[PDB]
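Listed next as structure tokens is one chain, alone, in the form deposited in one PDB entry.
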């Protein structure tokens, strides 16, 4: 038996209907009206009536005052993300194999042509998100990267976001936010370069827009309001656990922070500390985190490690920290999470900004079926095959027979035609011809 010491009124699912209604209306307008609707939304939602595509010269002008120390930090983080991305790239190989004798089959691994990357800017300016998308796309060998971020605080793109996009290798940069940005990248509005894949994190509207546009484009994953889970035993430090939960709760009113523990004492101290830490935050963060903890935060006490694994796997958190003994066991036994942080020393914020692994990660249970943005999301794994004539003796008769069982005579005739051309003297059973 599992005890909820803190139960949330709301979950990542609560706001689904609200997001869907807005996105349905906006995507309909943009499909009908194109750039006209996008310019309208940019003005009405973001107060923006400037040009949307930045020229190379505006990019230089807008970043000319970014200090050396800020550039050095962003450059370091880009290098870490690139290093890990290149290691991930090496993990997926091309190959060919012989199947039935004379049947050669293989796998080609090819980057997509055009990627659109979104970096959010609303409550905060997402400098790290800006290099997470673009640097990964460049590591994957994508030749055209289009990047968008929302106009921020009465100006255009945040200068540090813009520096990140430029340093990471973006080919085209647009001052454009939200659903209208996602849609513009999917349809190639303003650039004439429709994306093959659109990636990047955002609020519930951004995430729903990407989900809805799937099919028009590929995507990385459903990457909506941030979530954090911590697994802790009696070895954990409640002050650090509480700090880590509050860390992601500041993202917004809808960010869940989950604690799964085998220690009642830990649970109690964390529940006492989280409100105290929230109260010491500055206004924007305090507003977000107070609501998020109240409405979405949960604390679950479990009897055994196996019970913790079961609940953790069901929650399928974007981020999972593990502050326990015997970390090898947790790495071996946990199966549903976006990104795993083993031990107290690393933490979600480190992964968010500069550890290396991508931060763009599944939310709302998408970790049941996908990991996060990676080079893998920009590669197509395509198959090819080639046969000797000899291989077609077996392959062809099996194809003709199965085809005819299914009722597909024209399929069987492509096998009959090869058998008659290559082996006119053979007499295999090719199945009773279909008559209806």
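Positions refer to the first chain, counted from 1. Heads up, when I say rigid core I mean the largest set of C-alphas that superpose within 1.5 Å between the two forms.
There is another form of this protein, the form deposited in another entry, and it is not shown here; the text below is about that form.
No residue of 299, 322, 85, 206 other than 206 has its CA displaced by 2 Å or more between this form and the one not shown when the core is superposed. Once both forms are fitted on their rigid core, the CA atom of residue 247 lies less than 2 Å apart between this form and the one not shown. Core-superposed comparison between this form and the one not shown: the C-alpha position of residue 188 differs by no less than 2 Å. Core-superposed comparison between this form and the one not shown: the Cα of residue 218 travels 2 Å or more. Distance between the C-alpha atoms of residue 355 and residue 136: shorter in that other deposited form than here (change of 3 Å or more).
Between residue 68 and residue 355, the C-alpha separation grows by 3 Å or more in that other deposited form, relative to the conformation displayed.
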